[PDB]
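These notes concern the structure reproduced below.
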Amino acid sequence: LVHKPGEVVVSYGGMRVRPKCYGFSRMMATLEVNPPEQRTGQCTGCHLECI
Amino acid sequence: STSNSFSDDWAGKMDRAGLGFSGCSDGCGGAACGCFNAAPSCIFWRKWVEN
Amino acid sequence: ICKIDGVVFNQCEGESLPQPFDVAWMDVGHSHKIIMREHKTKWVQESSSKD
Amino acid sequence: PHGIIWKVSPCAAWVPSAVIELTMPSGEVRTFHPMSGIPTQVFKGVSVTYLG
């Protein structure tokens, strides 16, 4: 018998899945870009009166 | 334990600077944060007193 | 995360510079991969004849 | 010689609990026992808990 812990089973969200390969590595990905740039700076039209 | 938060650029190496504390904190990621990686960025800060 | 190596994953209305990201993943024989952060694994031998 | 085994579980809380037969809109139907303040092993995002 070969020296190994055997097959590995992983559960995610209560469901047990039997994957093909299991590993941890890096991967190129992008990020979210939110350029608000003073969406609502200052704008209002009102008036004043006396009672 | 590295507390020397001076990369040969701060103005702490003066005779009029005085007493201070070499502190530091992390940053943010994104186009609005100044970098191109959603990860904390190294941002150093130095405070002191004057007369 | 918005795009992984020119593959549409989410809706962000904008792409940024690719950056390495450490995250685990698994395959089930489909086209794209499935990344998972929080997962519980279990190693079982089962005394299979293939080993 | 015999091999009698007992199962003891100490507890001093006695919090109210109930059973939940949740049915997902997709068609799957499962059951679980939620607790009053303890996570109930969230299944596919749903984290319905009970309060006493």
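Residue count for the stretch C:1-13, restricted to those that are more than 8 Å from every other protein chain (Cβ to nearest Cβ) and β-branched (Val, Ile, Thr): 2. Of the set (1) farther than 23 Å from C:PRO20 by Cα; (2) within 12 Å of the chain's Cα centre (by Cα), all apply to B:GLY27 but (1).
Only one entry in C:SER49, C:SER31, C:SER16 is within 7 Å of chain A (Cβ to nearest Cβ), polar (S, T, N, Q) and assigned to a loop (DSSP other than H, G, I, E, B), namely C:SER16. If only residues of the stretch C:34-46 that are facing chain A (nearest Cβ under 7 Å) and of a type in the set (D, E, K, R) are counted, the one that is farthest from B:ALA39 (Cα to Cα) is C:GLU46. Of the candidates A:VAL2, A:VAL10, the single residue that is under 15 Å from C:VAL44 (Cα atoms) and either outside any strand (DSSP E or B) or not β-branched (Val, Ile, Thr) (or both) is A:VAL2.
Filtering the stretch D:1-36 to residues that are surrounded by fewer than 10 Cβ atoms within 10 Å (Cβ to Cβ), among the charged types (D, E, K, R) and under 18 Å from D:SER47 (Cβ atoms) leaves only D:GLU21.
Positions of Cβ are generated from backbone atoms using ideal geometry, with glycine treated the same way; all protein chains shown enter the neighbour counts. Every number here is computed from the coordinates shown, using simple stated rules; none is lab data.
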